[PDB]
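Undergrad: Encoded as structure tokens, here's the structure I'll be asking about.
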Protein chains: 4
Amino acid sequence: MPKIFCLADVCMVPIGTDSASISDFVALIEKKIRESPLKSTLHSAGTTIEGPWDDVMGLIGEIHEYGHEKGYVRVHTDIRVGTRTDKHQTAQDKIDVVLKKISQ
Amino acid sequence: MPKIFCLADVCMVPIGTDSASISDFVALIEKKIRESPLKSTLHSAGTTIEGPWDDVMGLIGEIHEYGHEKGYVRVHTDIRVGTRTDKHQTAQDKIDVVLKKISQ
Amino acid sequence: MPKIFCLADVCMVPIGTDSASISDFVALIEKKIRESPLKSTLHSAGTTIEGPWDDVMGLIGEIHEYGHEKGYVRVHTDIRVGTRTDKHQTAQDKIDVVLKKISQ
Amino acid sequence: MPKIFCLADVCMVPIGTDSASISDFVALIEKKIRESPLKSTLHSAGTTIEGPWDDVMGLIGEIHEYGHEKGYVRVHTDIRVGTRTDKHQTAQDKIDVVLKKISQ
């Protein structure tokens with residue numbers, strides 16, 4: 001169980017539901033993610049979660065189990081995650097650097 | 001060249017640069033993306049682009065070529081893209097539905 | 001319409017079907033991919049397609065339209081794509097280099 | 001620490017190295033992955049790992065730490081992971097079903 005800091009952007013969708021509309025599933029998991037003390041930011045194509053590796057990946061796993069507990073039979077997830085040793089950077093720090101450079 | 005409407009969230013990074021810091025590359029490509037008439041939204045883990053398939057995928061390809069033109073030798077990209085026939089939904093519509101349901 | 005060579009690994013899934021089992025959809029799209037003259041390699045988590053950017057992204061777009069034509073209401077796709085200017089490398093060349101180094 | 005079975009296809013790349021060529025990094029991590037008792041399958045665009053969630057995500061985290069221990073300053077990873085309650089399916093079972101259907 002590694003504890004390295006990481007930034008993980010997750011996009012989770014249910015497979016096999018009766019409708020192409022899945023906002024119920026997204027809202028369901030988002031509420032669960034916001035209950036965690038880990039910092040998270042919701043956007044249109046997913047949610048960015050930050051913190052120690054084990055806690056972040058642990059939460060995503062719990063969300064899957066939560067989905068299954070709520071009746072969803074299959075969950076498909078895409079995770080973009082990065083770790084680095086040169087500096088500590090939150091999701092907000094990341095966008096702040098870009099925005100600054102763009103206006104320059 | 002398909003023209004179906006699509007929502008594509010792209011995360012692009014350069015491989016082989018001399019530094020772990022890549023905000024220069026991100027800012028460079030973001031400015032190029034904002035020059036397009038296609039609707040785009042920047043977030044911490046990528047940029048969401050919407051429009052006809054050929055125009056969206058065409059732009060991403062142009063960004064790659066632009067990166068190479070600017071000296072970057074290798075570009076690695078992750079794209080999450082979806083198409084649907086039941087309704088038209090922009091990236092903003094998508095987050096709006098979730099936010100509403102979350103407060104309900 | 002960029003024509004830079006690219007290697008794209010695609011994972012495509014249908015959203016809103018009546019079953020968690022989606023092998024019918026996968027088989028359907030795979031047969032369509034094999035009809036293209038572009039080089040493709042199927043694996044457990046997707047299919048790797050190579051060739052000019054416009055032809056590769058064009059095919060993926062056609063697959064989406066094909067899915068919708070076959071009754072699927074929503075398609076979600078994850079694409080990992082890379083371009084580079086230092087050498088030409090097929091998907092097979094890529095795995096060959098790794099395998100060699102592993103035994104060394 | 002969830003223990004639900006999962007199939008995870010991982011694509012890991014180093015950011016900030018002095019070369020666009022990263023086969024050394026890939027070979028390095030692959031050897032580390034093969035030391036694990038977890039079932040893994042290497043392909044051109046990544047490696048598919050299967051097993052309990054905590055063990056699989058734990059290994060990926062260890063690979064990141066291993067990369068940093070070996071001098072790599074930044075690691076970027078894309079993970080496609082799925083869980084389901086309707087059946088147990090390995091990566092090989094997954095491709096076997098498709099291949100069968102394709103010839104039918």
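Labels for the structure tokens follow display order: chains A, B, ..., residues from 1 in each chain, ligands from 1.
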Please produce, as CSV, a per-residue contact table for chain A versus chain C (criterion: any atom at most 10 Å away, only C-alpha atoms considered), showing the nearest atom pair and its distance in Å to one decimal, sorted by chain then residue number.
TA:
```
residue,atom,partner,partner_atom,distance
A:13,CA,C:15,CA,8.0
A:14,CA,C:15,CA,7.2
A:15,CA,C:20,CA,5.5
A:16,CA,C:20,CA,4.1
A:17,CA,C:16,CA,4.9
A:18,CA,C:16,CA,5.2
A:19,CA,C:16,CA,4.2
A:20,CA,C:16,CA,4.1
A:21,CA,C:16,CA,7.2
A:22,CA,C:16,CA,8.1
A:72,CA,C:20,CA,9.1
A:73,CA,C:20,CA,6.4
A:74,CA,C:20,CA,5.8
A:75,CA,C:20,CA,8.9
A:76,CA,C:13,CA,8.7
A:77,CA,C:78,CA,9.9
A:78,CA,C:78,CA,7.6
```
Undergrad: Superposition of chain C onto chain B by least squares over all sequentially paired C-alpha atoms; the transformed chain is requested as a compact mmCIF listing (two decimals) with N, CA and C atoms, in the first residue's frame.
TA:
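Result file follows (superposed-v2.txt):
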```txt
# COMPACT_ATOMS: atom_id res chain seq x y z
N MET C 1 -14.44 10.81 -43.30
CA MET C 1 -14.49 11.94 -42.33
C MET C 1 -15.89 12.13 -41.73
N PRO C 2 -16.16 11.43 -40.61
CA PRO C 2 -17.44 11.49 -39.90
C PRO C 2 -17.67 12.89 -39.33
N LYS C 3 -18.93 13.30 -39.23
CA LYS C 3 -19.25 14.62 -38.71
C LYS C 3 -20.20 14.60 -37.52
N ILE C 4 -20.35 13.44 -36.90
CA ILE C 4 -21.22 13.27 -35.73
C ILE C 4 -20.74 14.18 -34.60
N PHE C 5 -21.67 14.75 -33.84
CA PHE C 5 -21.28 15.63 -32.73
C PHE C 5 -20.60 14.78 -31.67
N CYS C 6 -19.59 15.35 -31.02
CA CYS C 6 -18.88 14.62 -29.98
C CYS C 6 -18.32 15.55 -28.92
N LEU C 7 -18.09 14.99 -27.74
CA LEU C 7 -17.52 15.72 -26.62
C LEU C 7 -16.23 14.97 -26.37
N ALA C 8 -15.10 15.67 -26.43
CA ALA C 8 -13.80 15.02 -26.23
C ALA C 8 -12.94 15.71 -25.19
N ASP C 9 -12.57 14.98 -24.14
CA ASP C 9 -11.73 15.54 -23.11
C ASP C 9 -10.32 15.05 -23.38
N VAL C 10 -9.41 15.98 -23.64
CA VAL C 10 -8.04 15.61 -23.99
C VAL C 10 -6.98 16.01 -22.98
N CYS C 11 -6.06 15.08 -22.72
CA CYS C 11 -4.94 15.31 -21.82
C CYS C 11 -3.72 15.00 -22.67
N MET C 12 -2.92 16.03 -22.94
CA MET C 12 -1.75 15.90 -23.79
C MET C 12 -0.46 16.26 -23.05
N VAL C 13 0.55 15.40 -23.16
CA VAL C 13 1.83 15.63 -22.49
C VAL C 13 2.99 15.33 -23.42
N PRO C 14 4.11 16.04 -23.25
CA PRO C 14 5.30 15.84 -24.07
C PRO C 14 6.23 14.82 -23.41
N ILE C 15 6.83 13.96 -24.22
CA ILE C 15 7.75 12.95 -23.72
C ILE C 15 9.16 13.25 -24.21
N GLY C 16 10.13 13.19 -23.31
CA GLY C 16 11.50 13.44 -23.71
C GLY C 16 12.00 14.86 -23.54
N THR C 17 11.27 15.70 -22.80
CA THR C 17 11.73 17.07 -22.59
C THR C 17 12.78 17.00 -21.48
N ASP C 18 13.48 18.11 -21.26
CA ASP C 18 14.53 18.13 -20.24
C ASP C 18 14.03 18.38 -18.83
N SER C 19 12.73 18.59 -18.67
CA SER C 19 12.18 18.88 -17.35
C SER C 19 10.83 18.22 -17.07
N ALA C 20 10.60 17.92 -15.79
CA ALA C 20 9.34 17.31 -15.36
C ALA C 20 8.24 18.36 -15.46
N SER C 21 8.64 19.63 -15.46
CA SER C 21 7.68 20.72 -15.58
C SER C 21 7.29 20.85 -17.05
N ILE C 22 6.00 20.76 -17.34
CA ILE C 22 5.53 20.86 -18.72
C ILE C 22 4.46 21.92 -18.93
N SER C 23 4.34 22.86 -17.99
CA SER C 23 3.32 23.90 -18.13
C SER C 23 3.53 24.78 -19.36
N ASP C 24 4.76 24.84 -19.87
CA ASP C 24 5.03 25.64 -21.06
C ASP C 24 4.31 25.00 -22.24
N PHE C 25 4.43 23.67 -22.32
CA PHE C 25 3.79 22.90 -23.39
C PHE C 25 2.27 23.03 -23.30
N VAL C 26 1.73 22.88 -22.09
CA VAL C 26 0.29 22.97 -21.89
C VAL C 26 -0.24 24.34 -22.29
N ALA C 27 0.44 25.40 -21.85
CA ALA C 27 0.04 26.76 -22.17
C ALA C 27 0.10 26.97 -23.68
N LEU C 28 1.17 26.48 -24.30
CA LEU C 28 1.36 26.57 -25.75
C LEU C 28 0.19 25.96 -26.51
N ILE C 29 -0.17 24.73 -26.16
CA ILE C 29 -1.27 24.06 -26.85
C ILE C 29 -2.63 24.67 -26.52
N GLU C 30 -2.80 25.13 -25.29
CA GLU C 30 -4.07 25.73 -24.88
C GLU C 30 -4.36 26.99 -25.70
N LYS C 31 -3.34 27.81 -25.92
CA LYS C 31 -3.52 29.02 -26.70
C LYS C 31 -3.95 28.66 -28.11
N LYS C 32 -3.38 27.57 -28.63
CA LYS C 32 -3.71 27.10 -29.97
C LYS C 32 -5.15 26.60 -30.02
N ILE C 33 -5.58 25.94 -28.95
CA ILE C 33 -6.94 25.41 -28.88
C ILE C 33 -7.97 26.54 -28.80
N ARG C 34 -7.62 27.61 -28.10
CA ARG C 34 -8.52 28.74 -27.96
C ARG C 34 -8.67 29.57 -29.23
N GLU C 35 -7.81 29.32 -30.22
CA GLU C 35 -7.88 30.03 -31.49
C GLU C 35 -8.94 29.41 -32.37
N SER C 36 -9.28 28.15 -32.08
CA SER C 36 -10.30 27.43 -32.84
C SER C 36 -11.68 27.95 -32.47
N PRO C 37 -12.63 27.90 -33.42
CA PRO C 37 -13.99 28.37 -33.15
C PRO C 37 -14.77 27.33 -32.35
N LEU C 38 -14.21 26.13 -32.24
CA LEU C 38 -14.84 25.05 -31.49
C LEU C 38 -14.88 25.40 -30.01
N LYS C 39 -15.96 25.01 -29.34
CA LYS C 39 -16.10 25.28 -27.92
C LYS C 39 -15.13 24.40 -27.13
N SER C 40 -14.36 25.02 -26.23
CA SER C 40 -13.42 24.28 -25.40
C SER C 40 -13.42 24.79 -23.96
N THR C 41 -13.18 23.88 -23.02
CA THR C 41 -13.14 24.23 -21.61
C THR C 41 -11.91 23.61 -20.96
N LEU C 42 -11.05 24.44 -20.40
CA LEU C 42 -9.83 23.97 -19.75
C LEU C 42 -10.05 23.63 -18.27
N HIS C 43 -9.48 22.51 -17.84
CA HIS C 43 -9.55 22.11 -16.44
C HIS C 43 -8.17 21.59 -16.04
N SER C 44 -8.00 21.17 -14.79
CA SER C 44 -6.68 20.71 -14.33
C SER C 44 -6.10 19.47 -14.99
N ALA C 45 -6.95 18.55 -15.43
CA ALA C 45 -6.47 17.32 -16.03
C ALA C 45 -6.71 17.22 -17.53
N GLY C 46 -6.88 18.36 -18.20
CA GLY C 46 -7.10 18.34 -19.63
C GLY C 46 -8.00 19.45 -20.14
N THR C 47 -8.42 19.33 -21.39
CA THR C 47 -9.30 20.32 -22.00
C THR C 47 -10.41 19.59 -22.74
N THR C 48 -11.64 20.04 -22.54
CA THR C 48 -12.78 19.42 -23.19
C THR C 48 -13.15 20.20 -24.44
N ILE C 49 -13.18 19.50 -25.57
CA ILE C 49 -13.49 20.11 -26.86
C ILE C 49 -14.76 19.48 -27.42
N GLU C 50 -15.62 20.31 -28.01
CA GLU C 50 -16.87 19.79 -28.57
C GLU C 50 -17.09 20.27 -30.01
N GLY C 51 -17.86 19.49 -30.76
CA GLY C 51 -18.15 19.82 -32.15
C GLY C 51 -18.19 18.59 -33.03
N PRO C 52 -18.28 18.75 -34.35
CA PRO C 52 -18.32 17.60 -35.26
C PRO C 52 -17.04 16.78 -35.05
N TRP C 53 -17.15 15.46 -35.19
CA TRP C 53 -16.01 14.57 -35.02
C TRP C 53 -14.76 14.99 -35.79
N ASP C 54 -14.91 15.19 -37.10
CA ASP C 54 -13.78 15.57 -37.94
C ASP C 54 -13.11 16.88 -37.52
N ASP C 55 -13.89 17.86 -37.09
CA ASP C 55 -13.31 19.12 -36.66
C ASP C 55 -12.58 18.99 -35.32
N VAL C 56 -13.15 18.22 -34.40
CA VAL C 56 -12.55 18.04 -33.08
C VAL C 56 -11.27 17.21 -33.17
N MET C 57 -11.36 16.05 -33.81
CA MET C 57 -10.20 15.18 -33.96
C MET C 57 -9.17 15.88 -34.85
N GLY C 58 -9.66 16.68 -35.79
CA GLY C 58 -8.76 17.41 -36.67
C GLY C 58 -7.93 18.40 -35.87
N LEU C 59 -8.57 19.11 -34.95
CA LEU C 59 -7.88 20.09 -34.11
C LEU C 59 -6.82 19.43 -33.23
N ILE C 60 -7.18 18.31 -32.61
CA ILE C 60 -6.25 17.61 -31.75
C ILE C 60 -5.02 17.20 -32.57
N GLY C 61 -5.25 16.72 -33.79
CA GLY C 61 -4.15 16.34 -34.66
C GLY C 61 -3.27 17.54 -34.98
N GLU C 62 -3.90 18.68 -35.21
CA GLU C 62 -3.16 19.91 -35.52
C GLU C 62 -2.31 20.35 -34.34
N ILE C 63 -2.83 20.11 -33.13
CA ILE C 63 -2.11 20.47 -31.91
C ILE C 63 -0.85 19.62 -31.81
N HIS C 64 -0.95 18.35 -32.18
CA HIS C 64 0.20 17.45 -32.15
C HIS C 64 1.25 18.00 -33.11
N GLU C 65 0.84 18.26 -34.35
CA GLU C 65 1.75 18.79 -35.35
C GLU C 65 2.36 20.11 -34.89
N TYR C 66 1.55 20.92 -34.21
CA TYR C 66 2.02 22.21 -33.69
C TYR C 66 3.10 21.96 -32.65
N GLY C 67 2.87 20.98 -31.77
CA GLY C 67 3.85 20.66 -30.76
C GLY C 67 5.18 20.27 -31.39
N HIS C 68 5.12 19.42 -32.41
CA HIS C 68 6.33 18.97 -33.09
C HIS C 68 7.01 20.12 -33.80
N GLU C 69 6.21 21.05 -34.33
CA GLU C 69 6.74 22.21 -35.02
C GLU C 69 7.49 23.10 -34.03
N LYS C 70 7.05 23.08 -32.77
CA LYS C 70 7.66 23.89 -31.72
C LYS C 70 8.86 23.21 -31.06
N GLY C 71 9.30 22.09 -31.62
CA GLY C 71 10.46 21.40 -31.06
C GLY C 71 10.21 20.14 -30.25
N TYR C 72 8.97 19.89 -29.84
CA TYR C 72 8.69 18.69 -29.06
C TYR C 72 8.79 17.47 -29.96
N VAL C 73 9.60 16.50 -29.55
CA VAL C 73 9.84 15.29 -30.32
C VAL C 73 8.78 14.20 -30.20
N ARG C 74 8.09 14.15 -29.06
CA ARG C 74 7.09 13.11 -28.86
C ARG C 74 5.93 13.59 -28.01
N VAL C 75 4.72 13.33 -28.48
CA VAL C 75 3.52 13.73 -27.75
C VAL C 75 2.67 12.50 -27.46
N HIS C 76 2.20 12.41 -26.21
CA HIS C 76 1.37 11.31 -25.74
C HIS C 76 0.04 11.94 -25.34
N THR C 77 -1.06 11.41 -25.87
CA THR C 77 -2.37 11.97 -25.56
C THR C 77 -3.42 10.95 -25.13
N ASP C 78 -4.25 11.33 -24.17
CA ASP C 78 -5.35 10.48 -23.73
C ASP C 78 -6.61 11.25 -24.08
N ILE C 79 -7.52 10.60 -24.79
CA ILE C 79 -8.76 11.24 -25.19
C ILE C 79 -9.96 10.43 -24.72
N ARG C 80 -10.89 11.09 -24.06
CA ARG C 80 -12.11 10.43 -23.64
C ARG C 80 -13.13 11.12 -24.54
N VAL C 81 -13.82 10.34 -25.35
CA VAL C 81 -14.78 10.93 -26.27
C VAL C 81 -16.06 10.12 -26.30
N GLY C 82 -17.18 10.82 -26.41
CA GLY C 82 -18.45 10.12 -26.45
C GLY C 82 -19.39 10.73 -27.46
N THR C 83 -20.26 9.90 -28.02
CA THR C 83 -21.27 10.35 -28.97
C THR C 83 -22.56 9.68 -28.53
N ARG C 84 -23.69 10.34 -28.79
CA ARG C 84 -24.99 9.79 -28.41
C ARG C 84 -26.07 10.34 -29.34
N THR C 85 -27.15 9.59 -29.51
CA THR C 85 -28.24 9.99 -30.40
C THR C 85 -29.53 10.40 -29.70
N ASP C 86 -29.57 10.28 -28.38
CA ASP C 86 -30.77 10.62 -27.62
C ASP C 86 -30.94 12.09 -27.24
N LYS C 87 -29.86 12.86 -27.27
CA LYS C 87 -29.95 14.28 -26.93
C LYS C 87 -28.65 15.02 -27.22
N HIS C 88 -28.76 16.33 -27.38
CA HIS C 88 -27.59 17.16 -27.61
C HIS C 88 -27.17 17.69 -26.25
N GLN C 89 -25.91 17.49 -25.89
CA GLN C 89 -25.45 17.94 -24.59
C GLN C 89 -24.04 18.50 -24.65
N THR C 90 -23.89 19.74 -24.21
CA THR C 90 -22.58 20.38 -24.19
C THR C 90 -21.92 19.98 -22.87
N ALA C 91 -20.65 20.33 -22.71
CA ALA C 91 -19.92 20.01 -21.49
C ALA C 91 -20.57 20.71 -20.30
N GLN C 92 -21.06 21.93 -20.53
CA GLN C 92 -21.70 22.69 -19.47
C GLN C 92 -23.05 22.07 -19.09
N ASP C 93 -23.79 21.58 -20.09
CA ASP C 93 -25.08 20.95 -19.81
C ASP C 93 -24.84 19.73 -18.93
N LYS C 94 -23.77 19.01 -19.25
CA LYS C 94 -23.40 17.80 -18.54
C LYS C 94 -23.15 18.04 -17.05
N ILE C 95 -22.35 19.04 -16.73
CA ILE C 95 -22.07 19.33 -15.33
C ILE C 95 -23.30 19.93 -14.64
N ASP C 96 -24.11 20.67 -15.39
CA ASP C 96 -25.31 21.28 -14.82
C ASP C 96 -26.31 20.24 -14.33
N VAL C 97 -26.47 19.17 -15.10
CA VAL C 97 -27.40 18.11 -14.71
C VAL C 97 -26.95 17.45 -13.41
N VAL C 98 -25.65 17.16 -13.32
CA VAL C 98 -25.10 16.53 -12.13
C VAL C 98 -25.26 17.42 -10.90
N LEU C 99 -24.81 18.67 -11.01
CA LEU C 99 -24.91 19.61 -9.89
C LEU C 99 -26.34 19.68 -9.36
N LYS C 100 -27.30 19.78 -10.27
CA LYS C 100 -28.70 19.84 -9.89
C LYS C 100 -29.09 18.61 -9.07
N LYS C 101 -28.80 17.43 -9.63
CA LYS C 101 -29.13 16.18 -8.96
C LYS C 101 -28.43 16.01 -7.61
N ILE C 102 -27.23 16.56 -7.48
CA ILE C 102 -26.47 16.46 -6.23
C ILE C 102 -27.16 17.22 -5.10
N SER C 103 -27.75 18.36 -5.44
CA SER C 103 -28.45 19.17 -4.45
C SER C 103 -29.87 18.65 -4.27
N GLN C 104 -30.14 17.48 -4.83
CA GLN C 104 -31.45 16.86 -4.72
C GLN C 104 -31.30 15.40 -4.29
```
Undergrad: Run DSSP on the backbone of this structure and report the residues of chain C it assigns to strand (DSSP E), as a PyMOL selection string.
TA: chain C and resi 5-14+39-43+46-52+74-84
Undergrad: Take the residues from that selection and put them in a file with C-alpha atoms, as a short mmCIF file (atom, residue, chain, number, x, y, z; two decimals), in the first residue's frame.
TA:
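See again-v9.cif below for the written result:
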```
data_model
loop_
_atom_site.label_atom_id
_atom_site.label_comp_id
_atom_site.auth_asym_id
_atom_site.auth_seq_id
_atom_site.Cartn_x
_atom_site.Cartn_y
_atom_site.Cartn_z
CA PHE C 5 1.62 9.04 -38.42
CA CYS C 6 0.11 7.91 -35.14
CA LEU C 7 -0.44 4.85 -32.98
CA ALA C 8 -3.86 4.82 -31.31
CA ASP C 9 -5.11 2.28 -28.78
CA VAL C 10 -8.89 2.44 -28.54
CA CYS C 11 -11.29 1.06 -25.95
CA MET C 12 -14.92 1.53 -26.96
CA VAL C 13 -18.01 0.60 -24.92
CA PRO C 14 -21.77 1.11 -25.33
CA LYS C 39 -3.02 -1.94 -39.50
CA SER C 40 -4.85 -2.96 -36.32
CA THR C 41 -4.15 -5.29 -33.40
CA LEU C 42 -6.84 -6.54 -31.02
CA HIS C 43 -6.10 -7.16 -27.33
CA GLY C 46 -8.93 -2.47 -26.75
CA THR C 47 -7.60 -2.35 -30.29
CA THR C 48 -4.47 -0.59 -31.51
CA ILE C 49 -4.79 1.21 -34.84
CA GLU C 50 -1.94 2.82 -36.79
CA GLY C 51 -1.62 5.12 -39.79
CA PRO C 52 -2.06 8.80 -40.77
CA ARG C 74 -24.47 6.04 -26.75
CA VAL C 75 -20.81 5.19 -27.21
CA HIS C 76 -18.01 6.03 -24.77
CA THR C 77 -14.42 5.75 -26.01
CA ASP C 78 -10.95 6.05 -24.48
CA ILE C 79 -8.11 6.67 -26.91
CA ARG C 80 -4.41 6.64 -26.12
CA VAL C 81 -2.56 8.12 -29.06
CA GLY C 82 1.00 9.20 -29.63
CA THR C 83 3.05 10.84 -32.36
CA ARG C 84 6.83 11.26 -32.55
#
```
Undergrad: Name the residues of chain B that fall into alpha helix (DSSP H) according to DSSP on the backbone, using the chain letters and numbers of this document, as an NGL selection string.
TA: :B and (23-33 or 53-69 or 91-102)
